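Overview (structure and organization)
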Amino acid sequence: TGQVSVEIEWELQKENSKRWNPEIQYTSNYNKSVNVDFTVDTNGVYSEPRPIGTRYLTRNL
Amino acid sequence: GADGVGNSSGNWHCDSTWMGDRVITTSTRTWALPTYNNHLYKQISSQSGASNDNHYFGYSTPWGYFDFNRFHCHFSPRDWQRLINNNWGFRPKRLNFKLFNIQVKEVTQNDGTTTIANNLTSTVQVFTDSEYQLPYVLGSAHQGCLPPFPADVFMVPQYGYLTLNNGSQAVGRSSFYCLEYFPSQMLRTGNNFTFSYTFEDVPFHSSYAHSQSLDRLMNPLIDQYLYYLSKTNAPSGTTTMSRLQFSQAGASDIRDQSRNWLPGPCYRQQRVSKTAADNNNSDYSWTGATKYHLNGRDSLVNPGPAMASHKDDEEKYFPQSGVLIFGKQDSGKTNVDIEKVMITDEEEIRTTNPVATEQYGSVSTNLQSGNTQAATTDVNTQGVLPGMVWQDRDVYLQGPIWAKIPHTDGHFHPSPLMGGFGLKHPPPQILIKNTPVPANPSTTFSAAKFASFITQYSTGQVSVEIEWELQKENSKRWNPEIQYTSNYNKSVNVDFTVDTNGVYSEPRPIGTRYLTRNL
Amino acid sequence: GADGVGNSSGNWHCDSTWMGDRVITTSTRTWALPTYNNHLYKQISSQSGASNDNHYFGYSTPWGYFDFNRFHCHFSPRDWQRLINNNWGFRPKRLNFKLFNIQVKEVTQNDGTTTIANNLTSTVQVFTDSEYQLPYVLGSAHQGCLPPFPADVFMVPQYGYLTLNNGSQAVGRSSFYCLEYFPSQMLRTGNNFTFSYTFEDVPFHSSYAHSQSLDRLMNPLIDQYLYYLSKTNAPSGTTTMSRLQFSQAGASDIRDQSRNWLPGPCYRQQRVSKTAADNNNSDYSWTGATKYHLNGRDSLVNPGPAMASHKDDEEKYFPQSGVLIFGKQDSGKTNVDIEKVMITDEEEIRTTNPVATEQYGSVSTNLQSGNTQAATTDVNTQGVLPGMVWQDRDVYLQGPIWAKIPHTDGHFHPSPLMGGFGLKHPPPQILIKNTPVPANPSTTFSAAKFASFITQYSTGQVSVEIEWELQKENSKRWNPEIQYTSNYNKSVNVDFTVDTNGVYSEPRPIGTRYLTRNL
């Protein structure tokens, strides 16, 4: 047994949009719930409740 | 540059210069710009009863835009003839644009009588979208470019765009652009506006036709050393038996030779005849059309991938939606007869590209055996295969020049299907607008936005200069070539001139492929 | 520092050094750290049937944390006596922390018999939250600090926190923190861990009592030159008539003198007596309590703003929830009698702060007139006014030291209400955990996370050194002062010592306010 570590550098490409109205963003829901998403439950089990893509900002064709 | 009221802010530059492997064309026109949308942005959408294929959603802005994306904006007919008769290829290199001699005029409509006067203090706003942040509407073959004849005055077209739609409604992803949210330069009479632009590297447009066919590249005097299957059965006593036989291909059986390449891709179109009696007596303009299906909508494929218009001895035929069709002078907008339009022809590329109205070929569908005969079927659509070669669609004196390549993850051979040069950073859009001047306001404050303005428009001159790089031909052909020429016989009017009423007209479309080249 | 198995990674430092206006206290203890939560994070929440005031939601982590936020972790009783008998004020300056001599031990529970052995290769993880990114749970007067007696061994407490809740459930705004998402240092036996810290500037704690009263600051020999309204009616023939009369205040009417300042703010509490018979025969511990209302929940105000515990000649009384209450040695957890606890007293501040169980004062409520008599009412809660002065709650040998000021837009006089120093950047939290060591895995791959580990714990030494800045007294008082002292009379045990069984105990709470100062 032992430990393992991995470090990765990522290059970003910032958006430069002139769109006027606000965009769609990924967000958490505010309403109450028994468990918080992407957390552990009362037994210690971490779970991811939904898949999350990458395409939220917009761009002209 | 800036000076007073009584100073011209520019001169008239319009000519062409030929020097070695370059040609520099500069043209000047005078324009007029109204006030669009009464200074408002407006949401527009398709009608409620429109078919699902025709739904759209978007906006119309109070801005105009300048457009010079047609070849005849830069080349005179004589200059076009020089180009196409002596060069194998050409491409744009750099560009210069200038706007000058602005005049703003206010209109008064008292009592049905119009009075027009100068407004020396009013201004116009101009800016170039040099970062491609607005939706790019050039490259859609719209009207409103610079006129082909330098003596014509033209109206600046209005700017508008479409975004995502769900039927007649919009979605959360659809975006709205305010053009006043850009830095723009304000010009009074006495100011001018210029900018420069450099084209990226693009391949030369092929201004030649191939003098060889893709299926005829062998030496007709020497046989191959490879064999092909020439017979599958042989005669027995009063009958036949299965027996494979092989032969070496020569000139007598030239269709069977082994070859290294394949013709270009295909997407079959319906064939129609210029003779009225040959066509079916029905309405198949949409049912019989070739289309693509995108997000539940059908869209006509026009003109589509470059394929030959017809095979030899069949000039009367052409693909239903596979050729560019220009209109003659003063032809109408809707449902004009065939005598009012000019149909182009792409027959020069039938040496490498398949005919648009035939199948690509035939492939086998089963496994023959002692009790099963071989069966084949036609291929009506063929994607690209390794080993294919093809030509692109020709360009025309009155056709488009460039198109912006869509910003996507992938694309294949990004030459625009209507013909021309595909650019990732095309010449930017040039937007222009009259600054609104409010009318007499009330003397007591009101927070409502203004709704009464002084009626006015603007006019001025515009010039554009483009440098083109030429590719000279180097042929060793012995016999003379085909050249574009005028007919010598007498006629009432000279082609590409004005008539007795002052109307300039172009009598036919002119391609580029006259010189020849080996395959 | 790093070396082998047979090398101590640190020494035992525990003493105090007094030099001029500084005092440096260093202390060392030995700790033991179990495996909490069986290496898991767990969501915790209030019971389903709990009252609305007691609902909560949060998490418990497998980490422990070190805590030295009580004064007796650093000062011996004799050192505390030196401090409070000779100084008017003090404050912390800088801090040094060290963790060394780590030993990890694995436990085997075969057949009810426990065997403990060294595990030389296992490790512990340590990190300091030097950027205040975790919820700060220090400063809530929790158990688990370093023991007051240096010879005691203590268990490291488990880390856990609360976040936003809606009843027993959470909301979208509630946040979850994984402590493994921090860079932490891993130590085997033979490694050590140190860091340093500098306190920000804070005011000295007032280790004095005022020798003057706020309402007695005048010269008792000279009258004022200002007048006050002394009589509102005068005798007429066998009757009275309204007639205003004014007088200059002297010593005979000292209550009427004009003054420049006002006593500190107030928030009235209920009074209870140490004699059982004086109190009401009912359960008013919650109904009669003073509380604040936040987001629909009621929360007991404890101890609340600093107010005097009682007026003179009334030591038997104290506010219901307005004083710190420490427990005697080995006293229980729930519903212990009054003989098992030690109730503090804040009477030294009754020179400036109002008594906690009385009204702040009285104000008029109406407008007197010929047919209306003047009416007043008591003020049971008084926010701060311009011109108020007050003292803060005293600190005690076994009380807290500091508290983190909440990161908010506004705050007023941010000294923590339980006493001590309010810091925007307090000493950071120090988290520690045993690295999990999995047990014998299966020989065929399984993607399920591990659930069987080797049972083990760790132990070692911890040391903390703090420099304190002193503020020496400079009094010109003639008569001797009050000092903290031990009683001389005989007794079975000496105070602040161990008994015959080895149990160290602190017999009473010790404040700081013995020397005196003029107002």
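Structure determination for this entry, per the PDB record, employed cryo-EM and reached 2.46 Å resolution.

Under the annotation held in the PDB entry, chain B carries the name Capsid protein VP1 and is attributed to Adeno-associated virus. As recorded in the PDB, the entry bears the title "The atomic structure of a human adeno-associated virus capsid isolate (AAVhu69/AAVv66)". Its UniProt record, at the heading Sequence similarities (unreviewed entry), says of chain B: "Belongs to the parvoviridae capsid protein family." Comment text from UniProt for chain B, heading Subcellular location (unreviewed entry), reads "Virion".

Under the PDB entry, the name given to chain A is Capsid protein VP1, and the organism recorded is Adeno-associated virus.

1. Considering the overall build of chain B
The helix and strand inventory of chain B stands at 1 helix and 30 strands. With the C-alpha coordinates aligned to their principal axes, the bounding extent of chain B is approximately 115 × 55 × 45 Å. Contacts spanning at least 24 positions in sequence make up 74% of the contacts within chain B whose residues lie at least 6 apart. About 29500 Å² of surface is accessible on chain B, with carbon and sulfur atoms providing 49% of the total. For chain B, the separation between the mean place of its 41 positive charges and that of its 45 negative charges on side chains is 1 Å.

2. A word on unusual backbone geometry
With omega at 0°, the peptide bond leading from B:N302 into B:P303 counts as cis. Tracing the backbone shows B:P303 in the loop between β19 (297-300) and β20 (317-319). Even without being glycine, A:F38 reaches a positive phi, approximately 60°. According to the relative accessible area criterion, A:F38 is partly exposed, its value standing at 25%. The backbone of B:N335 shows a phi angle near 55°, a positive value even though the residue is not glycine. Along the polypeptide, B:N335 turns up in the loop between β21 (325-327) and β22 (341-343).

Analysis parameters
- All residue numbers refer to a per-chain count from 1 along the written sequence rather than necessarily to the numbering of the entry. Residues that lack coordinates are not shown.
- Numbering of ligands from 1 and lettering of chains from A proceed in the order in which they are written.
- Shown here is a subset of chains from a larger assembly, with all values computed for this subset only.
- The side-chain values count all of the structure's non-hydrogen atoms but skip hydrogen atoms and water molecules.
- UniProt positions are given in the numbering used here, feature names are shortened, and annotations may be inferred rather than shown by experiment.
- The numbering of helices and of strands both runs from the N terminus, where a helix is a DSSP run of H or I of at least 4 residues and a strand a run of E of at least 2.
- Only heavy atoms enter the contact rule, under which two residues are in contact if any of them lie within 4.5 Å.
- Surface accessibility follows the Shrake-Rupley procedure with a 1.4 Å probe radius. Residue values consider only the protein chains on display as shielding.
- The charge count includes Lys and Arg as positive and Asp and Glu as negative, but it does not include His or the ends of the chains.
- The location of each charge is read from NZ of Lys, CZ of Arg, CG of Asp or CD of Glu.
- Each residue gets one of three labels from its accessible area relative to the maximum for its type: buried under 20%, exposed over 50%, partly exposed in between, using a 1.4 Å probe on protein chains only.

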